[PDB]
Amino acid sequence: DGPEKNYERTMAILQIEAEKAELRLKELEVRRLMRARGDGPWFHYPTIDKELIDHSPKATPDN
Amino acid sequence: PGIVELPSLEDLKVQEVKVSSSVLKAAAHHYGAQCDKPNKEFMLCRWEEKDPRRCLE
């Protein structure tokens, strides 16, 4: 292989590896914030579904 | 937490219906027909407010 093919193939590898390395670091930051604040799709633990609640008038009034 | 607002003892004085349960049972059917209007308004207030202090009148 000529020096140019190896040279410019190397840059293609470096760009791919650098992009992945950046995304790896961002993911650890997103995971840290999502777990600390619980305001994202991850670390979202279920809560009772409000649609299980009965809203019709009950036998007694005060409720 | 705040103080629970309560009506005064004078806000609760009314002439009570001092008859026994067998008397009410006997008159119940005619009572339900004749006194439906104020009775149903009170129970509407009662299931809407969900608070006995809001339906005293």
# chains A, B, ... in the order shown; residues from 1 in each chain; ligands from 1

$ residues_around --residues "residue A:62" --least-positions-apart "6" --cutoff "10 Å" --atoms "only C-alpha atoms" --output "PDB file with N, CA, C and O atoms, in the first residue's frame"
ATOM      1  N   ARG B  46     -73.272  16.913  49.674  1.00  0.00           N
ATOM      2  CA  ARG B  46     -72.497  16.059  50.558  1.00  0.00           C
ATOM      3  C   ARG B  46     -71.453  15.257  49.790  1.00  0.00           C
ATOM      4  O   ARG B  46     -70.315  15.114  50.247  1.00  0.00           O
ATOM      5  N   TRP B  47     -71.809  14.735  48.617  1.00  0.00           N
ATOM      6  CA  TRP B  47     -70.853  14.009  47.789  1.00  0.00           C
ATOM      7  C   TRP B  47     -69.987  14.908  46.922  1.00  0.00           C
ATOM      8  O   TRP B  47     -68.995  14.425  46.371  1.00  0.00           O
ATOM      9  N   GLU B  48     -70.317  16.189  46.788  1.00  0.00           N
ATOM     10  CA  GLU B  48     -69.473  17.099  46.027  1.00  0.00           C
ATOM     11  C   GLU B  48     -68.437  17.773  46.915  1.00  0.00           C
ATOM     12  O   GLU B  48     -67.250  17.796  46.582  1.00  0.00           O
ATOM     13  N   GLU B  49     -68.870  18.324  48.046  1.00  0.00           N
ATOM     14  CA  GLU B  49     -67.941  18.998  48.942  1.00  0.00           C
ATOM     15  C   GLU B  49     -67.022  18.007  49.638  1.00  0.00           C
ATOM     16  O   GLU B  49     -65.846  18.301  49.868  1.00  0.00           O
ATOM     17  N   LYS B  50     -67.536  16.830  49.983  1.00  0.00           N
ATOM     18  CA  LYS B  50     -66.778  15.839  50.740  1.00  0.00           C
ATOM     19  C   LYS B  50     -66.334  16.397  52.084  1.00  0.00           C
ATOM     20  O   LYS B  50     -65.298  16.004  52.620  1.00  0.00           O
ATOM     21  N   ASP B  51     -67.112  17.312  52.634  1.00  0.00           N
ATOM     22  CA  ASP B  51     -66.761  17.999  53.864  1.00  0.00           C
ATOM     23  C   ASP B  51     -68.042  18.343  54.614  1.00  0.00           C
ATOM     24  O   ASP B  51     -68.886  19.073  54.083  1.00  0.00           O
ATOM     25  N   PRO B  52     -68.244  17.829  55.828  1.00  0.00           N
ATOM     26  CA  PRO B  52     -69.499  18.136  56.530  1.00  0.00           C
ATOM     27  C   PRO B  52     -69.635  19.598  56.913  1.00  0.00           C
ATOM     28  O   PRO B  52     -70.759  20.076  57.103  1.00  0.00           O
TER      29      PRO B  52
END

$ interface_residues --of "chain A" --to "chain B" --cutoff "9 Å" --atoms "only C-alpha atoms" --output "PyMOL selection string"
chain A and resi 57-58+60-63

$ select_by_dssp --residues "chain B" --states "helix (DSSP H, G or I)" --output "number ranges by chain"
B: 9-11, 21-34, 36-49, 52-54

$ atom_distance --atom1 "atom CA of residue B:14" --atom2 "atom CA of residue B:57"
10.3 Å

$ atom_distance --atom1 "atom CA of residue B:33" --atom2 "atom CA of residue B:21"
18.2 Å
